[PDB]
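Structure follows, in structure tokens:
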């Protein structure tokens with residue numbers, strides 16, 4: 195169950211980089227939601 | 002907003018700004034289409050079950 199911090203991976207400890215990344219909208223949210231979904235799917239798989 | 006750029010700038014820079022916008026929106030659309038393909042594969046497995 196891997197999880198990746200989008201803003202920390204792309205823009206590690208840089209306020210200006212985070213401000214620039216905010217221009218790209220919800221991409222980071224998409225990736226984090228996808229990874230969370232995968233993790234939940236894995237726990238569901240093991241449970242079932 | 003595309004209209005603001007097309008009203009404020011002339012082609013030599015407007016087309017660069019629109020290139021950036023097109024790249025972003027095309028990446029968004031491709032991501033959405035990939036997600037839809039994956040979810041449709043899942044739903045088709047469920048439908049076959």
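Residue numbers (my numbering), protein chains in the order written: chain A, 195 to 242; chain B, 2 to 50. C-beta: ideal position from N, C-alpha, C; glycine also.
Legend entry - Three-state secondary structure assigned by DSSP to residue 235/A: Here residue 235/A refers to the residue found at position 41 when the first chain is read from its first residue. In this structure, residue 235/A counts as helix in the three-state DSSP scheme.
Inset, instruction - Starting from the Cα of residue 202/A, find the closest Cα among 196/A, 212/A and 195/A and give me that residue. - result: Here residue 202/A refers to the residue found at position 8 when the first chain is read from its first residue. Residue 212/A is the option with its Cα nearest to residue 202/A.
Inset, instruction - With DSSP as the reference, label residue 199/A as helix, strand or coil. - result: As a first step, residue 199/A is located in the first chain; it is residue number 5 there, counting from the start. Looking at residue 199/A - three-state DSSP - the assignment turns out to be coil, as it is neither helix nor strand.
Legend entry - Same chain, Cβ closer than 8 Å to residue 236/A, neighbours up to 5 away in sequence not counted: If you number the first chain from 1, residue 236/A lands on position 42. The residues are 195.
Legend entry - Proximal residues to residue 225/A (C-beta, below 8 Å), its chain only, five neighbours per side dropped: Position 31 of the first chain holds residue 225/A. Excluding positions up to five away in sequence, the list reads 198 and 200.
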